[PDB]
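*Asks:* Residue numbers (the numbering used here), protein chains in the order written: chain A, 8 to 175; chain B, 8 to 175; chain C, 8 to 175; chain D, 8 to 175. I'd like to ask some things about the structure below.
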Ligand SMILES: CC(C)c1cccc(C(C)C)c1O
Ligand SMILES: CC(C)c1cccc(C(C)C)c1O
């Protein structure tokens, strides 16, 4: 590439892998959202919470792809694996799966940051810090807060209704 | 009729029967609404839910009657039978009766659609699809969602109060 | 499902397959869009055209999933296959691939409509006609119009620039 | 300096060198801009493109000088060498020279970042990342995009006119 400068093949490949992880996460949240929209589940606030996250993760993938092109790297897409479950249980089960998913995304971001530092790529390091690292910390804190409130509420049906009505 | 074209006597008769079913449904919802307004029942949100449905079903009957005249058919009214119960039990009992009622209306609409298709009456088919079929699907989904939340909430008195306060 | 009425298992399965096709199409358009954003391709209007289509196809999948739940069917997601190409050639090549893709989506919609008619499911038939069939016809006409103008313009570099500047 | 803290003499010297490079770049763009304003060249959009860049590079030098004083370092100015050419050829030649110039500025920024990291000077590292590194990546991507479009357009006179009219 005529514009490529200080951008290693290792970072380029890791960025493509991270795009795939963000799109997989968006797909997982799409599945979580529509599960809570089932007439036999029917928790609208929970459906809204996860649909908003599907949108945020798709936006993250798109930002990564834009950065890949700005640096002269080449986007390469892979098959997007289906989510790990077809049915997601209670709000508590769903929030626990979501925090597992976010921690895995955060770890991938931290691994990519470490790779960037190793490769002396400060543009990459700044990009991640600016657009992703703090967003993930904030989101994981919010999910942890939700998990604590859900757990405090377990008359489990009553608690699940109240959380959806009064928090979400 | 000077204007009548492609409108069978079978469809004309079925439309009159459907008007009677819609007016019977409006009457049933009027009864449900005022039951929840009793001082010894006293669930205002539930009363409002059913009074709004009585209005929607009367409007449906009026749309059908307007269509009957647009096609050159002749409205024929029959005695409107009183609702199946005088007292309607809990919110849960009431919502179960309402979903039974809506499924019966939906089935009558589907039967009339099938009759229209058999008679090659596409104006009728479009009319039903446009004004009734989707309205019924949406309403039945909403009632199913409510039933699931009511069931999750059954300390049954506490749950009935909370549903009326926080959903309706 | 407590709400399910006149909704066959065959239609339910076909709707899940159609969701997968719409999400695959959105993914294909995401790939097309970012390819035209490469510094060595650099056709912004073309990138915008395809990114807007990725959004439209994702929205289509979401509408289908909402309908699946309204009818009492159960969403089932499958692995999303990667797009058929990694690099998309000229604007002409890309527009030809897009019209192939849209014709395949349109055929799937027509097949689902035929299945609905066979199953006497008029809600499904109306849903498809209202939200999808006309959108596809309009889009395919627009792509055909673009293909004709692109072909008329092939000094091929000059023509590709002018189309992006003055049409897109 | 009473305020100087964690600011090495090596960084101080490198910052002064970088100021000189930014001012040299501003001077080069001033020359490029007025060349395209010649009556025998007469490409107004190209003149505007380069005059705007002369302004951006002067602003960069001024930000660096402000930072030098904030840290307690001492600005030292050197003779500003004249630009490498007196006449700049075609728009294509000019854009190629501009991308060479920007890549040299970007490399100097990356070298200064590496020096800062070596000296454990995180204020410097943040300053560069915040105000310069991303600006350079964006600008180099934009120039690469322009070069690709210029090259696609080479009836070379016609292509040069069209690019100036429809892109710049
Ligand atoms: C945002 C969310 C609905 C989503 C899930 C799965 C795949 C995609 C794209 C890649 C088609 C997607 O946008
Ligand atoms: C009791 C109720 C369903 C009803 C019956 C008959 C006529 C009307 C008018 C107001 C349309 C009506 O509202």
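Note that CB positions come from ideal geometry on N, CA and C, so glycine has one too.
Quick check: is the beta carbon of residue 144 (chain D) nearer than 8 Å to any beta carbon in chain A?
*Replies:* Position 137 of the fourth chain, counted from the start, is the residue given in the question as residue 144 (chain D). Yes, because at least one Cβ of chain A sits closer than 8 Å to the Cβ of residue 144 (chain D).
*Asks:* At what residues does the alpha helix (DSSP H) containing residue 129 (chain B) begin and finish?
*Replies:* Looking up residue 129 (chain B) in the second chain gives position 122. Per DSSP, residue 129 (chain B) belongs to the alpha helix (DSSP H) from 129–135.
*Asks:* Anything in chain A within Cβ reach of residue 155 (chain B), meaning under 8 Å, just list it in chain order.
*Replies:* As a first step, residue 155 (chain B) is located in the second chain; it is residue number 148 there, counting from the start. Correct list: 46, 47, 48, 49.
*Asks:* Which of the three DSSP states, helix, strand or coil, is assigned to residue 87 (chain C)?
*Replies:* Residue 87 (chain C) sits at position 80 when you count from the first residue of the third chain. It is a strand residue.
*Asks:* If I follow the unbroken alpha helix (DSSP H) through residue 14 (chain D), where does it start and stop?
*Replies:* Locating residue 14 (chain D) in the fourth chain gives position 7, where the first residue counts as 1. Counting along the chain, residue 14 (chain D) falls outside any alpha helix (DSSP H), and DSSP gives it neither H nor E.
*Asks:* Run down chain D in chain order and give the residues with a C-beta less than 8 Å from the C-beta of residue 21 (chain A).
*Replies:* As a working note, residue 21 (chain A) is residue 14 in the first chain. Correct list: empty, because the minimum Cβ distance to chain D is about 18 Å.
*Asks:* Which of helix, strand or coil does DSSP assign to residue 143 (chain B)?
*Replies:* Position 136 of the second chain, counted from the first residue, corresponds to residue 143 (chain B). The answer is helix: DSSP assigns residue 143 (chain B) an H, G or I state.
*Asks:* Any beta carbon of chain D sitting closer than 8 Å to that of residue 165 (chain C)?
*Replies:* Numbered from its first residue, the third chain carries residue 165 (chain C) at position 158. With 8 Å as the cut-off, residue 165 (chain C) counts as an interface residue toward chain D.
*Asks:* Would you say the beta carbon of residue 61 (chain A) comes nearer than 7 Å to a heavy atom of ligand 1?
*Replies:* By one-based count along the first chain, residue 61 (chain A) stands at place 54. Yes, Cβ of residue 61 (chain A) sits closer than 7 Å to a heavy atom of ligand 1.
*Asks:* Taking 8 Å as the threshold, find out whether the segment 105–121 of chain B comes into contact with the segment 101–116 of chain C through three or more Cβ pairs.
*Replies:* Touching, no.
*Asks:* Taking 8 Å as the CB-CB limit, is residue 58 (chain C) close to chain D?
*Replies:* By one-based count along the third chain, residue 58 (chain C) stands at place 51. Taking Cβ atoms only, chain D never reaches closer than 8 Å to residue 58 (chain C), which makes this a no.
*Asks:* Using a Cβ-Cβ cut-off of less than 9 Å, list which residues of the segment 61–84 of chain C approach chain B; keep chain order.
*Replies:* Hits within the stretch, in order: 74, 76, 77, 78, 79.
*Asks:* What is the DSSP secondary structure of residue 115 (chain A), counted as helix, strand or coil?
*Replies:* Looking up residue 115 (chain A) in the first chain gives position 108. Helix at residue 115 (chain A).
*Asks:* Quick one: Cα of residue 82 (chain C) to Cα of residue 146 (chain C), how far?
*Replies:* As a working mapping, residue 82 (chain C) is identified with position 75 in the third chain. As a working mapping, residue 146 (chain C) is identified with position 139 in the third chain. Roughly 27 Å between the two C-alpha positions.
*Asks:* Can you find a C-beta in chain E that's less than 8 Å from the C-beta of residue 100 (chain A)?
*Replies:* Protein chains A, B, C and D are contained in the structure displayed, whereas chain E is not.
*Asks:* Mind the definition here: the segment 44–57 of chain C touches the segment 14–29 of chain C only if three or more C-beta pairs lie below 8 Å; say whether that holds.
*Replies:* Flag = no, the segment 44–57 of chain C and the segment 14–29 of chain C do not touch.
*Asks:* Nearest chain A C-beta to residue 129 (chain C) closer than 8 Å, yes or no?
*Replies:* On the third chain, position 122 is the one that residue 129 (chain C) refers to. Chain A, which has no Cβ nearer than 8 Å to the Cβ of residue 129 (chain C), makes this no.
*Asks:* Report yes or no: is there a C-beta of chain A within less than 8 Å of the C-beta of residue 134 (chain C)?
*Replies:* Against the third chain, residue 134 (chain C) aligns to sequence position 127. Residue 134 (chain C) does not count as touching chain A.
*Asks:* Give the DSSP-derived three-state secondary structure of residue 97 (chain A) in the structure shown.
*Replies:* What you label residue 97 (chain A) is simply residue 90 of the first chain in a count that begins at 1. DSSP places residue 97 (chain A) in coil when its eight states are reduced to three.
*Asks:* Would residue 12 (chain A) pass as an interface residue toward chain D - the criterion being a Cβ-Cβ separation below 8 Å?
*Replies:* What you label residue 12 (chain A) is simply residue 5 of the first chain in a count that begins at 1. With 8 Å as the cut-off, residue 12 (chain A) counts as an interface residue toward chain D.
*Asks:* When the distance is taken between beta carbons, is residue 136 (chain D) closer than 8 Å to residue 129 (chain A)?
*Replies:* Locating residue 129 (chain A) in the first chain gives position 122, where the first residue counts as 1. Locating residue 136 (chain D) in the fourth chain gives position 129, where the first residue counts as 1. Contact: yes.
*Asks:* Pair every Cβ in the segment 30–40 of chain C with every Cβ in the segment 70–78 of chain C, then say whether three or more of these pairs are closer than 8 Å.
*Replies:* No, the segment 30–40 of chain C is not in contact with the segment 70–78 of chain C.
*Asks:* Quick test of your reading: residue 47 (chain A) and residue 155 (chain B), contact by CB under 8 Å. State the CB separation rounded to the nearest angstrom.
*Replies:* By 1-based counting over the first chain, the position of residue 47 (chain A) is 40. By 1-based counting over the second chain, the position of residue 155 (chain B) is 148. That belief holds up - the Cβ atoms of residue 47 (chain A) and residue 155 (chain B) are roughly 6 Å apart, short of 8 Å.
*Asks:* Let me know if residue 148 (chain B) comes out buried or exposed under the rule of 16 or more other beta-carbons within 10 Å of its beta-carbon.
*Replies:* Here residue 148 (chain B) is taken as the residue at index 141 of the second chain, counted from 1. Per the 10 Å Cβ criterion, buried.
*Asks:* Just checking residue 37 (chain B) against ligand 2 - is the residue's beta carbon closer than 7 Å to any of the ligand's heavy atoms?
*Replies:* Mapped onto the second chain, residue 37 (chain B) falls at position 30. Yes, ligand 2 has a heavy atom inside 7 Å of this Cβ.
*Asks:* Got a sec: does ligand 1 put a non-hydrogen atom nearer than 7 Å to the Cβ of residue 33 (chain A)?
*Replies:* Residue mapping note: residue 33 (chain A) aligns to position 26 of the first chain, counting from 1. Yes, the Cβ of residue 33 (chain A) comes within 7 Å of a heavy atom of ligand 1.
*Asks:* Would you say residue 104 (chain D) faces chain A, with C-beta separation under 8 Å as the test?
*Replies:* As a working mapping, residue 104 (chain D) is identified with position 97 in the fourth chain. By this cut-off, residue 104 (chain D) is not an interface position.
*Asks:* What first and last residue would you give for the alpha helix (DSSP H) that runs through residue 50 (chain C)?
*Replies:* Translated into positions along the third chain, residue 50 (chain C) becomes position 43. Taken as a continuous stretch (DSSP letters only), residue 50 (chain C) belongs to no alpha helix (DSSP H), as it is neither H nor E.
*Asks:* Measuring from the CB of residue 65 (chain B), is there a heavy atom of ligand 2 at a distance below 7 Å?
*Replies:* For the purposes of this step, residue 65 (chain B) is taken as residue 58 along the second chain, with counting starting at 1. Yes, ligand 2 has a heavy atom inside 7 Å of this Cβ.
*Asks:* Could you tell me the boundaries of the alpha helix (DSSP H) in which residue 163 (chain A) lies?
*Replies:* To locate residue 163 (chain A), count along the first chain from 1; it is residue 156. Looking at the DSSP string, the run of the alpha helix (DSSP H) that includes residue 163 (chain A) is 163–173.
*Asks:* Using a threshold of 8 Å, state whether the C-beta atoms of residue 119 (chain C) and residue 32 (chain C) are closer than that.
*Replies:* By 1-based counting over the third chain, the position of residue 119 (chain C) is 112. By 1-based counting over the third chain, the position of residue 32 (chain C) is 25. Against a cut-off of 8 Å, the Cβ pair of residue 32 (chain C) and residue 119 (chain C) comes out as no contact.
*Asks:* Any idea what DSSP makes of residue 9 (chain A), helix, strand or coil?
*Replies:* Residue numbering aside, residue 9 (chain A) sits at position 2 when the first chain is read from its first letter. Three-state result, residue 9 (chain A): coil.
*Asks:* Give the secondary structure of residue 161 (chain A) by DSSP, where H, G and I count as helix, E and B as strand, and everything else as coil.
*Replies:* Residue numbering aside, residue 161 (chain A) sits at position 154 when the first chain is read from its first letter. Coil.
*Asks:* Rounded to a whole number of angstroms, what is the C-alpha to C-alpha distance between residue 63 (chain B) and residue 65 (chain A)?
*Replies:* On the second chain, position 56 is the one that residue 63 (chain B) refers to. On the first chain, position 58 is the one that residue 65 (chain A) refers to. Cα to Cα, the separation comes out at about 40 Å.
*Asks:* Do residue 41 (chain C) and residue 50 (chain C) have their C-beta atoms within less than 8 Å of each other?
*Replies:* As a position in the third chain, residue 41 (chain C) is number 34, starting the count at 1. As a position in the third chain, residue 50 (chain C) is number 43, starting the count at 1. No, the Cβ-Cβ distance between residue 41 (chain C) and residue 50 (chain C) is not below 8 Å.
*Asks:* Compute the distance between the beta-carbons of residue 175 (chain B) and residue 168 (chain A), then report whether it is under 8 Å.
*Replies:* Against the second chain, residue 175 (chain B) aligns to sequence position 168. Against the first chain, residue 168 (chain A) aligns to sequence position 161. No, the pair does not count as a contact, with Cβ atoms beyond the cut-off.
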